[PDB]
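Numbering (the working numbering), first residue to last: 221 to 561.
Contents: one structure, followed by commentary.
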DNA sequence: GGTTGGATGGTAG
DNA sequence: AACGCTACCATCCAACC
Ligand SMILES: Nc1ccn([C@H]2C[C@H](O)[C@@H](COP(=O)(O)OP(=O)(O)OP(=O)(O)O)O2)c(=O)n1
Ligand SMILES: [Ca+2]
Ligand SMILES: [Ca+2]
Ligand SMILES: [Ca+2]
Ligand SMILES: [Ca+2]
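Laid out in structure tokens, this is it:
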């Protein structure tokens, strides 16, 4: 089984470079402006010339500007980056019927029937990289291994425009040598818990009682790691389907006044519905993000599709429920649509 | 005890 | 001196058979 994984390099930044070639070289920071006050926001991403200097995703713009005050700060334009993504994904289908679009800039390709061995995959990888640079002038990174996880890990190791193979031996090496914290699916909480149990490599999940691991990190993460560590992880490449469409927005100021939060909720509803486009949801959720940045939601599932007017009623009924059941001030409000017909 | 849906939690783009 | 947003799957807990 041979999986080729494709991840696009500093994608949003790079799309802007392509669209405005004058940007080439200069440090570019793609931003999300919450709009609260002038320069309030966070960084979606930055090119390598800014990342170079600590300007990474998630940091506040202000804090980025402290580091690189002369960088080019651009607002996010997801719909553009989306289009470009869409075109690249279509380019990738010329290489495999079995293709799993993972996110806005990742795809796993099951090439097991398309090449004999890793040499040929490597050659196919080079070919794909050129085809993308050819059509869309985006540079990407290709990771190759025996399953999805190690394909991705391969690409992490190659990242800034590259192609890496992980043969059967190197998989075994990384089971012993690779930091478990750097295993796709393991975020800081789990890494903390695992290190708090004394596990820093994949191998030492085979040294513990299964019910002990199952106790800390939950059943799934346990059964996951073990499956990897046993050189056994083999989850198939499968078409993914958008399961929800929604939108949440930062209010100008925290509020608990229903009438003050409403327009923000409705702006979100109108934007969600616009993004639904033929897709009819039977479930709605109002999502509130509180003062202290915690997430609170109440939803409802109908035996039918939800009309625009029904969203208008129910989102209000549900926001009212958040205000009754939670004392905190609300900072962000939004809506989330799901369970499609 | 197993399934199910609602709420939350964790993860990664 | 303050700090975005989208969305996936798993878990938790309680109703229910
Ligand atoms: N917290 C994040 C993480 C990612 N993204 C968006 C912008 C990224 O460019 C894209 C893909 O995430 P990546 O981690 O792959 O980031 P990059 O593509 O920019 O960098 P890299 O070259 O490492 O792939 O998703 C974002 O909105 N916010
Ligand atoms: Ca990635
Ligand atoms: Ca990327
Ligand atoms: Ca990690
Ligand atoms: Ca219930």
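Heads up, the beta-carbon is just placed ideally off N, CA and C, and yes, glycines get one too.
Residue i vs residue j beta-carbon contact at 9 Å
i: residue 278; j: residue 291; result: no
i: residue 316; j: residue 224; result: yes
i: residue 222; j: residue 338; result: yes
i: residue 506; j: residue 478; result: no
i: residue 355; j: residue 311; result: yes
i: residue 361; j: residue 353; result: no
i: residue 445; j: residue 422; result: yes
i: residue 561; j: residue 520; result: no
i: residue 465; j: residue 495; result: yes
i: residue 428; j: residue 419; result: yes
i: residue 526; j: residue 502; result: yes
i: residue 518; j: residue 321; result: no
i: residue 333; j: residue 319; result: no
Residue i: CB within 8 Å of a non-hydrogen atom of ligand 1
i: residue 266; result: yes
i: residue 470; result: no
Assigned secondary structure, residue i (DSSP; H/G/I helix, E/B strand, else coil)
i: residue 559; result: strand
i: residue 241; result: helix
i: residue 281; result: helix
i: residue 255; result: coil
i: residue 296; result: coil
i: residue 517; result: strand
i: residue 384; result: strand
i: residue 265; result: strand
i: residue 416; result: coil
i: residue 404; result: coil
i: residue 551; result: strand
i: residue 350; result: helix
i: residue 526; result: coil
i: residue 288; result: coil
i: residue 456; result: coil
i: residue 474; result: strand
i: residue 468; result: strand
i: residue 446; result: helix
Distance cut-off 8 Å: residue i Cβ against heavy atoms of ligand 4
i: residue 409; result: no
i: residue 277; result: no
i: residue 369; result: no
i: residue 419; result: no
i: residue 503; result: no
Heavy atom of ligand 2 within 8 Å of residue i beta-carbon
i: residue 323; result: yes
i: residue 227; result: yes
i: residue 320; result: no
i: residue 562; result: An answer regarding residue 562 cannot be provided, because it is not within the stretch 221 to 561 covered by the chain.
Closer than 8 Å: residue i CB and nearest ligand 3 heavy atom
i: residue 230; result: yes
i: residue 356; result: no
i: residue 326; result: yes
Report task. Specify whether the region 488-495 and the region 554-561 touch according to this definition: at least 3 beta carbon pairs, one from each stretch, less than 8 Å apart. Result -> Look at the beta carbons and you see the region 488-495 touching the region 554-561: at least three pairs across the two are nearer than 8 Å.
Report task. Please confirm if the region 222-236 is in contact with the region 253-271, defined as three or more CB-CB distances below 8 Å between the two stretches. Result -> Cβ pair count under 8 Å is three or more, so yes.
Query raised in the report: Are three or more beta carbon pairs between the region 245-263 and the region 383-393 nearer than 8 Å?
Result: With the cut-off at 8 Å, the region 245-263 and the region 383-393 do not touch.
**Report entry** the region 366-380 in contact with the region 437-456 per 3-pair CB rule at 8 Å
**Finding:** Yes, they touch.
Query raised in the report: Are the region 498-517 and the region 540-550 touching, with three or more C-beta to C-beta distances below 8 Å?
Result: These segments touch.
Query raised in the report: With contact counted as at least three CB pairs below 8 Å, one residue from each stretch, are the region 526-535 and the region 419-438 in contact?
Result: Contact between the region 526-535 and the region 419-438 is not established, with fewer than three Cβ pairs separated by less than 8 Å.
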